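Residue numbers (the authors' numbering), protein chains in the order written: chain G, 58 to 136; chain B, 16 to 466; chain C, 14 to 469; chain E, 61 to 267. Data block below; observations after.
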Amino acid sequence: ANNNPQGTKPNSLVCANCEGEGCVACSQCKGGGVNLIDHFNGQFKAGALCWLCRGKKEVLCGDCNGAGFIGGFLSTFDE
Amino acid sequence: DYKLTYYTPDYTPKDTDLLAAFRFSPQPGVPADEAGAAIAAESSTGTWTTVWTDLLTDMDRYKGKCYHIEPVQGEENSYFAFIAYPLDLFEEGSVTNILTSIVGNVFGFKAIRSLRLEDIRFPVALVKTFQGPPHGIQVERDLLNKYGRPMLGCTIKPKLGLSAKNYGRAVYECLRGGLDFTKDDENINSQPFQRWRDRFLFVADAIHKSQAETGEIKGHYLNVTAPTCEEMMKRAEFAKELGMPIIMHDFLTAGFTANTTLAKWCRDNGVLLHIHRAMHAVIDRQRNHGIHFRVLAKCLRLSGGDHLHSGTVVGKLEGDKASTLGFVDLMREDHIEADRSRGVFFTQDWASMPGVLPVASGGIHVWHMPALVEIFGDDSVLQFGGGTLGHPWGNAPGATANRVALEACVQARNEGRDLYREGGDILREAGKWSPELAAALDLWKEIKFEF
Amino acid sequence: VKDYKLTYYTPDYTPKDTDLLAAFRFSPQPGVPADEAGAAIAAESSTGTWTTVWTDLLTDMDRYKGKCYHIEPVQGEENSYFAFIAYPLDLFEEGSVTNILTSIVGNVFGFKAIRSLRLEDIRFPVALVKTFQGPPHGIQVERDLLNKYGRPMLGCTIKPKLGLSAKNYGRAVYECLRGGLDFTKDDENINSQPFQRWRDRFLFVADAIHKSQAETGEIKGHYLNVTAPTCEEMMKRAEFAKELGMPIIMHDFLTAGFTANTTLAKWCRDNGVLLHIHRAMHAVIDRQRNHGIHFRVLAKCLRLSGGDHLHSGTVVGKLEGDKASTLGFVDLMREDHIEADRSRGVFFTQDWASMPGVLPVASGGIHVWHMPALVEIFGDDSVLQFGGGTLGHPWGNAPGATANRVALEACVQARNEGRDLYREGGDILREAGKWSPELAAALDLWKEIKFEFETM
Amino acid sequence: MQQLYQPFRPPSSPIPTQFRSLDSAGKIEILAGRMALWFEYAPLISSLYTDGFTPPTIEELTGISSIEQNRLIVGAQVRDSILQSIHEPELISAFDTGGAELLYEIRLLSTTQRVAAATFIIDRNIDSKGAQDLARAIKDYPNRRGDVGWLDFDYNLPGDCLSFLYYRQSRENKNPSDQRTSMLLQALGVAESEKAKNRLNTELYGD
């Protein structure tokens, strides 16, 4: 996925990564919904649900934590 | 996020919404609309999205909505922002909850240089759940039986290093002369050189003597600010047992919980409460960061209090004088229309809640008597510092000087004369039948100017 | 030449949103017009004066004055009118129902110019509903305390009222509770009387509750009647019922009063007990269609004062107007915003401002064959009280309880699955009375009633 | 551990085809691991109920509170009542992830009047409040047998029922008063029949 550590739009406050959505697409199944490769040893085998998103094709975003912007008690450190 | 969902510029606010007006200055690069939406989101659920709120379709019932971001003229890189909060976010009877919910963590936002809270509007639905002033204005003017003129008070300046015996003698001298109230210094509670029970005893003795001797009703503000709540209640109960009619408190160092507790006690036990405003310049002195004082005056009128310090306006330039007149009108009156020229941002209706009495102080003398008498009117108290204890003859002569000057000015205002132009003339034709007023007019040479 | 506007009947006057509105239905004696009858009703409920003689002495006696702002005739009846009156917000004490009552209905009902007077509705502003406490818990909180989701609650009242010992009363309570019911109810007339004092009844009922709840695996409750001659005695009963660990108590708000009911509601709020409000001595007021106080007003005053459950009476059907009125004042105490609907009985648009709801309780002479209709009228936020429908089963109390439980579960399941309950009800119950003999006996005892409601 | 005297329990409950040969621990470990979607393992809790597993015990083992359990069972039942009749797959493929809290409100309508309600509620993205008020307005329609302009609003579709509710609520007023205008404009914004529309325009405008 993107490699912005924690970045906004050029002038706006909207976080660039999620574009203000607050949610991104799963990076394991690529929005597919089912697992593709066996991952650990065989307890997560291909054909079943995705091991990460549990079958929702949509996860939260790290830089902007569910807040459509950068700053505040969710995305930044409290002083 | 081209849609902001928090900046609804066409939203009109209800009559059960709490409105707030901020003046903010955004960082370089950030626009104004998004800064307003961010101020609305920080002081509520701190999200623009709906990834948590959409738990079971329980959305947007507990979020604020910016609806006006007009800019302020003169200054640039500085704007006004209006915000509307629902009513079911706040609890009843608690001012701490309102403060915590609004100004809790918005001031620590990172994408703004500075942020100030200028006004606030409480709906009637929320005004009716607080007690308010214990007594008010009409009741506290009927209890003391003093009609048709301001009240007179004196502060005792030789604060520290005075035995309780001498303290009582000075109080007796001042009160016997003709004053109404004496005031206890702000930082005299229980120091080792003068404990509080002794002070209370001798002050009560002096009050009883002077009141039984002069026929009027006298009083002394007794400072009950304590380290805990048990000590505060002990001091208040003892001051009531002696028969004292009025006490004192500090609502900004002791807090709002202690002030609400004391106000409820004072309502139940028939005592008047005078509120001193120490430690207030720490919050509101700079015009670019803090909490304007009219917001704290409103919060005080809500929680409790009968008198309130407000500061003189005899030498302010303009705007500041208009601002102080505005937030004096916000305290004494019952319905105030929006007039941005004198501070008031929103229309406030108090639903027949009693008023609060302004107090002027800070080194004023007899020559200021006309101006004050026509600015604050007759619903106020006038505190004198050196203007009473500095008379060449003593304390009782200074008391009589101030009393004579005040009654002369008010009698001259009643007849229809003008106090701006010919106030000094009135004082001069009054300072002929009395030596004390003549000595006072000769000591304070300040006849500065009028009109 | 003409009376100066009567100063009280101001037709073109819309009332502000901080005024208390009241709707009277009155009928005046022959030879009196309606306009000044309405103006006199407005002057009696306040300063009893049309003139201005007792004022003008530096006084504004026009801020404490009602104003009849609307008069209309009742369609379908001659010589009877509706008068609307608006009072300010300064006449009323903050947080007192006694004061509202004694200020509105104090003197006016004895006025000699009218032949009859009835108070049909009343509207409180938000500024006034915010100064009261309301129900101690509400609906969601009391559904979470008992942990009963997705069905009406079941309760039984004990018919062999008197002459029964406390130990025997406890045994019957136990038998009913372990059969499958949720609540049992103390008889209203039962206080500390020579044959059964209160502390003994409390002891044995608490023991039965603990036994049955521990052996069946869910939460059971009994409403203990804590009505006393004095407030101090009432507090002793309530405190001892809390010490035993009881979840719910009972009161009686029309013979004890509103002061005692407000005090008990505050106690229950501070100590986490639910409160059930019995409805006794009410037909003395709200029965005759032309005098008294409609029960809708008292339901509103109760939601203000305090109480979690309120009796409403089964309305399975008598006539569509009366059942419409009952549905009106059943939705006036569960919802949060009710729009004016003159057919349902509501006159003003009432807004409650996030005050909790109140569970309506259907009671009195209902049995198994009535279960479908009820389940679709009152819904899922309600209680169903059974009298002889539980203790009269051919072979005991526990099988009667089980029959009622099975019928209720079957009906709500068949409603969730999609079928309707106005045409498939009897068939639902006969299908459920095959894998269960108790329900079969109960169906054989009571005669099936044929509903003929709006089927088209 | 059996809990004494629960004689009101049904005989049993049906289980989907894929789980017809599992034990109780299999149901437990498939509920705890979410190894299905809600409408697959709702019959599993509905069946576990009938073996002496009280909602508190299942909440202790699996980890879903009783309110969620009841909501899921009722939602799966409503969905199964929808799919087995005249329908179109725009919604069954949309009720796959998170549609129970909305399916819990149309449970008051009979199977005849559920597909139209589902279409109306998913076409405009309405939450639980709007769904509850819509179902109540639909159920209140046959009671008003005779009123002002009742037969001009059809009842075989939810838009006209809700529009009639708004329209009859607006008539409790007089000349526009600036409050009737809002209610009428909100009524015309949901109606979907041309006869109701031309009546609403006949009364709001021109006449």
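All C-beta atoms, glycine included, are put in the ideal place defined by N, C-alpha and C.
Whole-number beta carbon distance between residue j and residue i, since they are thought to touch under 8 Å
i                    : j      : result
residue 2 of chain G : B/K125 : Here chain G has residues from 58 to 136 only, and residue 2 of chain G is not among them.
B/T64                : G/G79  : 3 Å
E/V134               : C/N429 : 5 Å
C/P148               : C/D321 : 5 Å
B/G319               : B/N274 : 6 Å
C/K255               : C/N284 : 6 Å
B/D32                : B/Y100 : 6 Å
B/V371               : B/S395 : Rounded, the Cβ-Cβ distance is 11 Å, inconsistent with contact.
C/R184               : C/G305 : Incorrect: roughly 42 Å between the Cβ atoms, too far for contact.
E/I166               : E/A191 : 7 Å
B/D30                : C/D103 : Incorrect: roughly 18 Å between the Cβ atoms, too far for contact.
Cβ of residue i within 8 Å of any chain G Cβ
i      : result
B/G44  : yes
E/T157 : yes
B/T64  : yes
B/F124 : yes
B/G61  : yes
E/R94  : yes
B/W211 : no
Residue-chain proximity (residue i, chain B), Cβ-Cβ < 8 Å
i      : result
C/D393 : no
C/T144 : yes
G/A73  : no
E/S242 : no
E/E165 : no
G/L93  : no
C/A366 : yes
C/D349 : no
E/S188 : yes
G/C110 : no
One or two residues paired with residue i in a DSSP bridge
i      : result
B/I135 : B/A35
C/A219 : For C/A219, which the question treats as bridged, DSSP gives no partner whatsoever.
B/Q363 : B/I351
G/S84  : The partner list for G/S84 (beta bridge, DSSP) is empty, contrary to what the question assumes.
G/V71  : G/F126
C/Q398 : C/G168
B/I98  : B/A35, B/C81
Residue i: CB within 7 Å of a non-hydrogen atom of the ligand NAD
i     : result
B/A35 : By its list of ligands, the structure shown contains no ligand whatsoever, and the ligand NAD lies outside what it can speak to.
CB contact below 8 Å: residue i versus chain C
i      : result
B/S318 : no
B/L102 : yes
B/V110 : no
Test: residue i CB closer than 8 Å to a CB of chain E
i      : result
C/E352 : yes
C/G176 : no
G/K113 : yes
C/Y162 : yes
B/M384 : no
Within 8 Å, do at least three Cβ pairs link the region 91-98 of chain E to the region 436-443 of chain C?
no
Any contact between the region 46-59 of chain C and the region 109-129 of chain C? By contact I mean 3 or more CB pairs, one from each, below 8 Å.
yes
Touch test, the region 178-195 of chain B against the region 405-416 of chain B, Cβ-Cβ under 8 Å, three pairs minimum
yes
Which runs of the alpha helix (DSSP H) at least 4 residues long sit entirely within the region 283-348 of chain C? Give them in chain order.
Positions of the alpha helix (DSSP H) runs, each at least 4 residues long and wholly inside the region 283-348 of chain C, are given as 308-318, 333-344 in order along the chain.
Is the region 345-357 of chain C close to the region 421-435 of chain C, with three or more CB pairs under 8 Å?
no
Scan the region 228-279 of chain C and note each continuous beta strand (DSSP E) run of 3 residues or more that stays entirely inside, going in chain order.
234-238, 261-265
Any alpha helix (DSSP H) of 4 or more consecutive residues that is wholly inside the region 54-85 of chain C
As far as the region 54-85 of chain C is concerned, it has no whole alpha helix (DSSP H) run of at least 4 residues.
So within the region 153-204 of chain B, which uninterrupted beta strand (DSSP E) runs reach at least 3 residues, ignoring any that extend past its ends?
166-170, 196-198
Would you call the region 33-43 of chain B and the region 132-139 of chain B in contact, with 3 or more CB pairs under 8 Å?
Contact between the region 33-43 of chain B and the region 132-139 of chain B is present, with at least three C-beta pairs closer than 8 Å.
Residue ranges of each alpha helix (DSSP H) run of no fewer than 4 residues wholly in the region 197-261 of chain E, ordered along the chain?
218-230, 240-248
Which whole runs of the beta strand (DSSP E) in the region 378-427 of chain B are 3 residues long or more, in chain order?
396-399
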